[PDB]
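> Attaching a single structure in C-alpha cells format; questions to follow.
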Amino acid sequence: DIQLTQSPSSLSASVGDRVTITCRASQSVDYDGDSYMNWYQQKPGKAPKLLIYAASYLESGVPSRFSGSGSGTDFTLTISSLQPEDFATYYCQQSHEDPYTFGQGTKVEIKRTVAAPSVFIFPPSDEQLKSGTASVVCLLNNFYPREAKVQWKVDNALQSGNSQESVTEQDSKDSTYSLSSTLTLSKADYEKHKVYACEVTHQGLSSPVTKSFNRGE
Amino acid sequence: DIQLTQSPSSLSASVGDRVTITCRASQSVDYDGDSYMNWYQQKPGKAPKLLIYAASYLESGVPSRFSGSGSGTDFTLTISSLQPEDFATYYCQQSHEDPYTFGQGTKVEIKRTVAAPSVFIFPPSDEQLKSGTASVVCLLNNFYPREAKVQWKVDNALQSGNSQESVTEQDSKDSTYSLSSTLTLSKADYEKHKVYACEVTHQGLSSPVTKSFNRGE
Amino acid sequence: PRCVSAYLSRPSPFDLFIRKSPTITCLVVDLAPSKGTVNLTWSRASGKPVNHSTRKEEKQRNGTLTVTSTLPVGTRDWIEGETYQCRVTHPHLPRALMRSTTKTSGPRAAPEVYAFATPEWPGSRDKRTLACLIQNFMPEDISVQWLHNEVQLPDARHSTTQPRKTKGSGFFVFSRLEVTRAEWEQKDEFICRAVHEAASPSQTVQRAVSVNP
Amino acid sequence: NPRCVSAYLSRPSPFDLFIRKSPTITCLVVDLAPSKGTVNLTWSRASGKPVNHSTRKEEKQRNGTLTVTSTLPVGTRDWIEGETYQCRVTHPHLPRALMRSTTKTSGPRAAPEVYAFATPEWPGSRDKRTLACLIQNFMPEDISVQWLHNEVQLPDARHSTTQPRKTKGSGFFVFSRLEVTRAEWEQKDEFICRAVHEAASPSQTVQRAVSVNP
Amino acid sequence: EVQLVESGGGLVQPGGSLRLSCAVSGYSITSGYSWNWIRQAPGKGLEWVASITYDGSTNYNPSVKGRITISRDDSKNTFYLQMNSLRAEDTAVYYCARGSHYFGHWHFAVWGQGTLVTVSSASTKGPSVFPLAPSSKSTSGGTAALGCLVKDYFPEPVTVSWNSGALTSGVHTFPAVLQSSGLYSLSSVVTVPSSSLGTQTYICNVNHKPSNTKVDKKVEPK
Amino acid sequence: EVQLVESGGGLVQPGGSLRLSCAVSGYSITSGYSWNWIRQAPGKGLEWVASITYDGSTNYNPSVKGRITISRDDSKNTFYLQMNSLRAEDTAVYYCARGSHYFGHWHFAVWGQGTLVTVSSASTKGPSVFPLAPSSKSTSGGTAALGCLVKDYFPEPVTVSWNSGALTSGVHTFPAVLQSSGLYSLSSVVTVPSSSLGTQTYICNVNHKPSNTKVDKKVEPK
Ligand SMILES: *[C@@H]1O[C@H](CO)[C@@H](O[C@@H]2O[C@H](CO)[C@@H](O[C@@H]3O[C@H](CO[C@H]4O[C@H](CO)[C@@H](O)[C@H](O)[C@@H]4O)[C@@H](O)[C@H](O[C@H]4O[C@H](CO)[C@@H](O)[C@H](O)[C@@H]4O)[C@@H]3O)[C@H](O)[C@H]2NC(C)=O)[C@H](O)[C@H]1NC(C)=O
Ligand SMILES: *[C@@H]1O[C@H](CO)[C@@H](O[C@@H]2O[C@H](CO)[C@@H](O[C@@H]3O[C@H](CO[C@H]4O[C@H](CO)[C@@H](O)[C@H](O)[C@@H]4O)[C@@H](O)[C@H](O[C@H]4O[C@H](CO)[C@@H](O)[C@H](O)[C@@H]4O)[C@@H]3O)[C@H](O)[C@H]2NC(C)=O)[C@H](O)[C@H]1NC(C)=O
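Residue numbers (our numbering), protein chains in the order written: chain A, 1 to 217; chain B, 218 to 434; chain C, 435 to 647; chain D, 648 to 861; chain E, 862 to 1083; chain F, 1084 to 1305.
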C-alpha cells in the first residue's frame, strides 16, 4: 500500500494569509507525464469535496485561491488567501495504486480577534419536571478563542460530575465558537434548592460573568 | 516602514515532517541581486538565534534542515525534517530599510503521541503557615496534549476562584507539557479542614486521577 | 501558460483629427507582481525628446500584472511619419522587448456608412436596437461615434467590432447601439459617425437612422 | 514577440451538433517549432469510456511556427448529457504537459432574435450589394450562422461572422456579413440568414429572409 | 447535475450484517464513471472501501475484503454495499461517490452526504424533546435565545430544524454528547428578535429515523 | 567566541530614567561590527531600537526616538542604552546584539540573553521561598517530585537553579503568575529517583536581583 503523510497536522492562520499543506507519498504516484494525487476539503458535517485532481488541475467550480503542485512523492496544496469558510480538514489522496489511500488530514483553523461570549441560562421545562430529571442549560454564544470555563453553582455550592459540555466547530462566517453546558439534577434536588447560577470565565472577559435564576420565577 | 506579515500564526507538526512558514513584506526588499530578509528562531527563555540572512544564506553552525527561499515581497522558511528541539517561535526580519522590522512570529509546536500525566500533590510548609497563608500545590508532569483539567476539593467541597494554574512550554527533548495548580487558602481555613484532593482529567487517562492528603500527615 | 507580451498602438483617428491630441500606448501583459516592476522607456527615430508618458499598473484576475504606458505625440510629428518606439526591461527577462509604431502607409479609401434600426415587436417596445455597417475603408484605423440630438453619446453605450477584411481590399466594422423610447420620442434621429483619414473633408463620414420612419 | 506554446480546446459547433448530428471537438496547439520534435497529443473522457480515432493535422505558418490540431468525434447524447472531454499535450522541450478540458456549458437559455438588412445602392457599387444580419439576446454564447440563397446553403467562405459579444443585458450578440452580386439577387432576390442555437425551439433553428429590392 | 443519496444505515448488532444502498439520479450508472464506497470512522480519516465501474468490474480494499460485496441494480439506478461479521471498528459514516476518469486513474468528484452506521449491542431509543424557553431581558442586544433540548436517544443521528427549515440564520445545533446512561443528548438554539416573541411562533422539528420518531415542539415564552 | 551580557534592568518608575549596559567580551566594540538594542514587549513581537557602529555612528528607531540615546565606553568594552520619560509601553525584555555586515545591510548574528525592564509605580518586594517537600503523595514508582514555591515578589524576574546548577535534568520552572495581590508567584519542581531522597540533598537557589534577594532553601522529604 502507498502510505500518505500530511503536514502540518494542524495550523491556525488569519484571514488573507497564505496556507501551505504538504503531502508525502511512500512511493511515486507518477505515470505517463502526470502525478495522480488528489486534494479534498471536508467542512464540518459535510462530505469531502474535490478541490484538485492529478496534482495541479482545479476541479470545476472551485475557487481559484486553491492551487496544487508537486510530483513523484512530494505534493503541496496552497490556499493563497485564507477565508473564514475555508475552515475544514484537508486530505490528500493517491489514485495511482490500489487500494486508493488518503492522508490523515490537516485541520485548518482561522485566527481572529478575541470575542467574549454572550451568556444565557435556561431553567428546566415544566414538562421535563414531570419526568424525574431536571436539566439546567447554560449557553455561551459566539466567542473566541475556544477555551472557556463554566462553573455551576446551586445555592452558591459549586457542582461537579453532574454537568457536561459541548462545543460547536468554528463558524464558517465569523469564525466564532459556541458552547453549551448542561447541568443534570434529580427533580428532588432541583426543588430542594432555590438559586441556580452559571459562572463563565473567558479571555475576553475582564471579570467572570454570572447568569442565574431563582426557581419558581 | 516595511511591515512584515507571517503565516501561519501557529502550527503543529510531527517529528520528521516538513514545516513551511511564509513571510510577506509590504514592499520589496530586493537590491543588487540579493533580498535582505532574515530569519530567527526563539526558543523558550532564550534570545532569538539567527538561522538565515539575506533570504537564503545559512548562518554558520545552523543545521542543514533549515533553508530559506523567495524574493521581492515573498519569502519562505522551510524545516525539512522537524525535530523536538525545533520547538520555537520563528521570526522574519527585513534589513533593507531603516528602521529594521520583525514579523509578528510563527509558533511551531511538535505533535507527538498521547502521554498521561504523573500527578503529585504538595501540602503547605510549616514556614508558610506562619505568614498567615497556606498554598497547596498540584503537579501534572510530562503529558501530552496540553489540554488538562484540575479540580480542587477540600473535604469534598469543590473550590473555585482561589486557585491559579501555570503551564510549561513544550519540552525540547520529549515534547511534553507540565502543569502546576496552586490552591491558596488562609491559615484559618486551611487548619479548619482535613482532606485536600487534586482531581485530574486527561485524554491519556481512562479514569480521572485523584491525589490527596489529610492535614496533619 | 504565461507569455510575456508587448503591444504598441497607433493614435485613434478621433484623438488625431478631432481632438487633435493624439496618443500612443505601450501595453505589457502577463507579468508577475512580486518579481518587481518593469522598466518602460520611449524613443524616436528623429532623436528628438519624448514627452512625459503616463505609467499605469493593474493586477489581473488570473494573478498577473498588466503595465501600460501612454505617450502624447505631436499631431504634425505623427502625420509627417515620425516613428515612436517602446522598450521594456526587467531584471528577469533578460532580453529586452521592443515595439515600434508609425503613420500608416498604403492605399487609402473612405468608409461607406449605412445605419439600420430593428423593427418593433413585443418585448422591445421601450427599447430598440440600432446597427451601423461601416465598410470598404483602408487603412483599418477607424473610430466610431453615435450622436443623438447633436450631442455625442458616451462611449460604452455602444459596442464596436474590430476591423476585418472584406472580399475586396477594404476593411469593415459593425456598431451596435441600444436606444430607448424616451430618446427617439425626444428626437427620432440617430447619427452613426466614422472618423477616418480618407474621409473628405475633416476626416468624417456619417449616416442617420430613425426608429419610426 | 516570443512564441509561447499554447493549447486550446473547442466545443462542438451548434451546426455540427444539431444539424449534421456529427459533433466534434478540436485541440489546437500553436507556436510549435518545426525543426523541433513533434508533440504527443492524447485524449481522455471523464466517464472513462474509450475515445474515438481522432484526426491529426499539422501546418507550417508564415510567421515560421508550426500549428498542430487534433479533431475528435463525440457522441451527440454523450456531449449533451454533459460529458467532459480532455486533451493533453506533451513535448520533450516543454517543461510541463498542457491540459485543456471542454464541456456542454450550463446556464440560462434564450433563443436568438434575428434581423436581416440590405444596404442601399452606393455610388460605384452598381453590381455589388452587402447583406447584414443581427442576431442577439441569446445565451449561452455558442451559435452557428449560415446563409442560404435559392434554398441552397452558401459556402462558409462567402460570409464573415463576428465573435459573440455581451449585450448590456445578459444575452450575447453577433453580426454576419454577406456580399452579394447582381447576378444572384436577379436570379432570386431572397437571402436567408439562419442561426443555429440550442435554445431555439424546436429544431434549434431561427431564420429571417431579406431582399435587396423590396 | 448528478445526485447521490445513501440509505440503509443505522444501528446494527455486533457480528451482524449491513446493507447500504446508493440511489443515483441525473445519470445512469451503466452509462459511465466509477461508483465507490468510502467510509469515515468517528474522529478518524477516510478509507476507500470498494468500487464498481460502469462495465461491472469490481474492486475491494484488502483491509475488509472477504466479508464485503459491492453490486448494482440497473433498473433502480442503485448500487449497494454488503458487509457481514461487523465489529465496533466498522462503525463509521459511509459515503458513496462517483469517480471521474483522467488518463487511467479515477478521482472522487461527486459525493453523497454519507450515512452513519453504528455497531453496538444497545437498543434503539427515541429522544425526549423539551423547550428551552426564552426570558424577558434575555439580551441587551434586543435579541432572545431559545432552543430545544433533545435528550436520551440512541443511536446517532438526530436532525433538528426550526419552523420546518424556514428559520436557519442564527441556529446552533450542538454536537451530541454521550451521557453516563449510554444515551446521546444535544441542544439546538437560535437567537431571535425579542420583539417577535409575541408575534412569531417558534417550532423545532426533531427527527430520529432509527426510532421512526418525528416531533414538532413549539417553544413559547414564560 | 563573542559574548554579550546586558544589565541595568529591573524596576523603574514612569517618567523615570533608564540605563542599560551591554558588557562585551571576546571582541572589541571599536574593532568592528554594529552594536544594537532590540526589545520585546510582553506577548508582542521584536522591535529594533538603536544601533552604534564601531566608528561611533548612531541610529535610532523613530518610533521611540527623541527620548533615547546610545553610547559606548571603549575602556570597559561596553555600550549603553539611555532612555527618558519612560512609559508603560517601554516594559519589555531588552536584548543587546552584534550586527554583522552584508553589502550595505546588517543582520543580528549574536545576541545577549536579555534583561527585563518593568515600568510601574509599585515597589520592589523580595520573594519568600517555601519548600515543596517530597512524600509518598509525590512518589510514583521509582520517581519522586520535589520543588520550591517562590511567592509574593515584584517585579519579575526570579532565577531558580538546583544544587547551584549541578542539577538540570528533570527540572521544570513554571512561568510566574500574577496574583490578585499584584505580586508574582511561581514554582520550580524536579523529579528524582525516590531512592535518593534519603541520600541526596536538594537545594533550590533563588535569585531576585531587583530586591537583591538571594535564597538557598534545602528541601527535605516528608
Ligand atoms: C490574464 O488576463 C489579461 C486580461 O484579459 C490578459 O491580457 C490580455 O492578453 C491578450 C493576449 O495575451 C491581449 O490580446 C491582444 O491585445 C492586443 C492589444 O489590442 C488592444 O488594443 C486596444 C486597447 O486594449 C483595443 O483596440 C482593444 O482592447 C485591443 O484588445 C492586440 O493587438 C492583440 O491582437 C492579436 O490579434 C490579432 C488578430 O485578432 C493578431 O493579428 C495579432 O497579431 C494579435 O495576436 C491581442 O488581441 C489582450 O489585449 C490583453 N488584455 C489586457 C486587458 O491586457 C492576459 O493574457 C491573461 N493571462 C493569461 C495567461 O491568459
Ligand atoms: C502565427 O500564426 C498563427 C496562425 O495565424 C497563429 O496561431 C493563432 O494563435 C492564436 C493565439 O496565439 C489563436 O487564437 C486563439 O484561438 C482559440 C481558438 O481559435 C479558434 O477557434 C474557433 C474554431 O477555429 C474560431 O472561432 C477561431 O477563430 C479560431 O479558429 C481561442 O480560444 C483563443 O481565444 C482567446 O480569446 C478569448 C476571449 O476572446 C480568451 O478567453 C482566450 O484565453 C484567448 O485569449 C484565441 O483567439 C488562433 O486560433 C491561432 N490560429 C491558428 C490558425 O492556429 C500564431 O499565434 C502566430 N504566432 C506568432 C508568434 O506570430
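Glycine included, each C-beta is placed from N, C-alpha and C at the ideal position.
Which runs of the alpha helix (DSSP H) fall wholly inside the region 666-736 of chain D and span at least 4 residues, in chain order?
The qualifying runs are 723-728.
> What is the rounded straight-line gap between the Cα of residue 30 (chain A) and the Cα of residue 54 (chain A)?
Roughly 9 Å separates the two Cα atoms.
> Does any CB atom of chain D fall closer than 7 Å to the CB of residue 969 (chain E)?
Answer no: the Cβ-Cβ gap between residue 969 (chain E) and chain D never drops below 7 Å.
> As a quick exercise: from A:105, A:107, A:189, pick the residue whose alpha carbon is nearest that of residue 215 (chain A).
Here the closest residue by C-alpha is A:189.
> Taking the CB atoms as reference points, tell me whether residue 1302 (chain F) and residue 1229 (chain F) lie closer together than 7 Å.
Yes; because the gap between Cβ atoms is below 7 Å, this pair is in contact.
> Over the uninterrupted alpha helix (DSSP H) stretch that includes residue 832 (chain D), give me the two end residues.
Its alpha helix (DSSP H) spans residues 829-834.
> Where the beta carbon is closer than 6 Å to any heavy atom of ligand 2, which residues qualify, in chain order?
Having a Cβ closer than 6 Å to some heavy atom of ligand 2 are D:648, D:650, D:653, D:655, D:657, D:675, D:677, D:678, D:708, D:710, D:712, D:714.
> Along the region 1009-1020 of chain E, what residues have a CB closer than 9 Å to any CB found in chain A?
Cβ contacts with chain A come from 1010, 1012, 1013.
> Looking only at its own chain, which residues have a Cβ that is under 6 Å from the Cβ of residue 97 (chain A), when we skip the five neighbours before and after it?
Contacts found: 2.
> For a cutoff of 7 Å on Cβ pairs, would you count residue 716 (chain D) as touching chain C?
Not closer than 7 Å to any Cβ of chain C, the Cβ of residue 716 (chain D) fails to qualify, so no.
> With 7 Å set as the bound, which would you pick, yes or no: does the beta-carbon of residue 281 (chain B) sit closer than that to a beta-carbon of chain F?
So no, residue 281 (chain B) is outside the interface.
> I need the DSSP call for residue 992 (chain E), collapsed to helix, strand or coil.
Strand.
> What in chain A is Cβ-close to residue 297 (chain B), meaning under 9 Å?
By Cβ distance, chain A contributes nothing, its closest Cβ being about 11 Å from residue 297 (chain B), past 9 Å.
> For chain A, find out if any of its Cβ atoms is closer than 7 Å to the Cβ of residue 993 (chain E); answer yes or no.
Closer than 7 Å: yes.
> I need the DSSP call for residue 434 (chain B), collapsed to helix, strand or coil.
Coil.
> Does any residue of chain D bring its CB to less than 7 Å from the CB of residue 962 (chain E)?
Residue 962 (chain E) counts as touching chain D.
> Note down, in chain order, every chain D residue with its Cβ under 8 Å from the Cβ of residue 144 (chain A).
Residues of chain D passing the Cβ test: none, with the nearest at roughly 39 Å.
> Answer yes or no: do residue 115 (chain A) and residue 144 (chain A) have a C-beta to C-beta separation smaller than 7 Å?
Result yes, Cβ atoms of residue 115 (chain A) and residue 144 (chain A) sit closer than 7 Å.
> Name the chain D residues whose beta carbon is nearer than 8 Å to that of residue 891 (chain E)?
Simply none; closest approach about 11 Å.
> For residue 456 (chain C) versus residue 577 (chain C), is the C-beta spacing smaller than 7 Å?
No; because the gap between Cβ atoms is not below 7 Å, this pair is not in contact.
> Could you pull the DSSP bridge partners for residue 248 (chain B) from this structure?
In DSSP, residue 248 (chain B) forms a bridge with B:251.
> Between the Cα of residue 695 (chain D) and those of E:905, E:906, E:904, E:915, spot the shortest distance and give me the residue it belongs to.
If we check each option's Cα against that of residue 695 (chain D), E:915 comes out closest.
> Looking at the C-beta of residue 815 (chain D), does it have a partner C-beta in chain C at a distance below 7 Å?
It does: the Cβ of residue 815 (chain D) has a partner Cβ on chain C nearer than 7 Å.
> Where does residue 168 (chain A) fall in DSSP's three states?
Residue 168 (chain A): coil per DSSP, three-state reduction.
> Can you list the residues of chain B that residue 469 (chain C) reaches, using a CB-CB cut of under 8 Å?
Simply 288, 289.
> Output, in sequence order along the chain, the residues in the region 363-381 of chain B whose CB is closer than 9 Å to any CB in chain F.
Answer set for the region 363-381 of chain B: 381.
> Using DSSP with H/G/I as helix, E/B as strand and the rest coil, what is residue 447 (chain C)?
Note: residue 447 (chain C) maps to helix in three-state DSSP.
> Starting from the C-beta of residue 1182 (chain F), find all residues in its chain whose C-beta is less than 8 Å away, skip the five residues before and the five after it, and write them out in chain order.
Result list for residue 1182 (chain F): 1116, 1117, 1118, 1119, 1134, 1189, 1190, 1191, 1192, in chain order.
> Output, in chain order, the set of chain A residues within a Cβ distance shorter than 7 Å of residue 1050 (chain E).
Here the neighbours are 139.
> Residue 779 (chain D) versus chain C: which residues are under 9 Å apart at the beta carbon?
Those within 9 Å of residue 779 (chain D) in chain C are 548, 550, 565, 567, 608.
> Nearest to residue 995 (chain E) by alpha carbon, out of A:132, A:123, A:140?
Answer by Cα proximity: A:123.
> Might you give, ordered along the chain, the residues of its own chain that have their beta carbon closer than 7 Å to the beta carbon of residue 699 (chain D), omitting 5 neighbours on each side?
The answer, listed in chain order, is 719, 720.
> Give a yes or no on whether the minimum CB-CB distance between residue 769 (chain D) and chain C is below 7 Å.
Chain C, which has a Cβ nearer than 7 Å to the Cβ of residue 769 (chain D), makes this yes.
> So, with DSSP's three-state summary, where would you put residue 1024 (chain E)?
Helix.
> Cα-Cα, which of F:1177, F:1157, F:1186 is closest to residue 1127 (chain F)?
Looking at the Cα atoms, F:1177 is the closest of the given residues.
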